[PDB]
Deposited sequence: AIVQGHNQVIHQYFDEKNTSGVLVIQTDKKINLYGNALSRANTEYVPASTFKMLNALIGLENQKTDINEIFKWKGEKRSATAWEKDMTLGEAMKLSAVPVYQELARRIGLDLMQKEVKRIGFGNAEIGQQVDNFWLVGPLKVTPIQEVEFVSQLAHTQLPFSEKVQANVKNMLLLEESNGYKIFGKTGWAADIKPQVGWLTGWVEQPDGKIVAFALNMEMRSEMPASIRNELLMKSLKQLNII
């Protein structure tokens, strides 16, 4: 059920950036693998900023914040979803607390579900790790309102993840970059809502280097989605 797709062209997209990457695509429970390092799909990596999605779900579900709260630029949880915003989501993680965080991460079963003893950095340097296949499954469940959280909480977090609209397609997702571990890990995890309402989920995972532009992840994602006729 998890197979290499028609990967002739996309393999070369990653080769031209001289790095190792995988793109996982999930349609209705069919998963296909693309890129030039397909073994990455079942390899565990720190989630980095992609964990903000689950942090937000947990914080909103447990009424540790709400979508209108202004965190002292002064900004909301949703505004902070796009930005670096280490202070907002670190503050939210401290409000949740280590015990509730570990309980929720175990209930969701996210990755290896281990968060250690420091509630405000376990997603960046370990010990929490997750595979790209696990990330695409998680975000597919979010997109379909199938996670075990309030429907309204899931809708509110989805609304924070809109990256852009084009020609009737909506692209939702979340970037991550673990720059302080070696090798560095880059993420772009999300989904496409096609004009007729169909959902196609993706998880891009690649080795980063410090000279790369952050936009390299979106660049590779968009050219691959176009080649696959997903957009």
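Against the full deposited sequence, the model leaves out just one stretch, namely 73-84.
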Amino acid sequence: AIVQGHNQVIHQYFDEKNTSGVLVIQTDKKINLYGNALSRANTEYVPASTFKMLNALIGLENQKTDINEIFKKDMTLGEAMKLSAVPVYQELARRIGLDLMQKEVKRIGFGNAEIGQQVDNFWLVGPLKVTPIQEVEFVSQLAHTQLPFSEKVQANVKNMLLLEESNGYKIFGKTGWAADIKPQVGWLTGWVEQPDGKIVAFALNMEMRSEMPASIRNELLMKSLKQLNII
From here on, numbers count along this sequence of modelled residues.
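Annotation for 26-34 versus 195-203: the higher mean temperature factor (C-alpha) is found in 26-34. The question of which stretch, 105-113 or 148-156, has the higher mean Cα B factor is settled in favour of 105-113.
Residue set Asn55, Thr65, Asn167, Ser49: peak C-alpha B-factor at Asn167 (per PDB entry). Across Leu77, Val136, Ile96, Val86, the entry's maximum B-factor at the CA atom is seen for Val86. Placement of the Cα temperature factor of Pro132 within the chain: lowest third of the modelled residues, per the deposited record. Residue-level temperature factors show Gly59 in the middle third of its chain, judged at the C-alpha atom.
Per the deposited record, the Cα B-factor of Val9 falls in the highest third when ranked against the other modelled residues of its chain. Split the chain's modelled residues into thirds by C-alpha temperature factor. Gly173 is in the middle one. Residue-level temperature factors show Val125 in the highest third of its chain, judged at the C-alpha atom.
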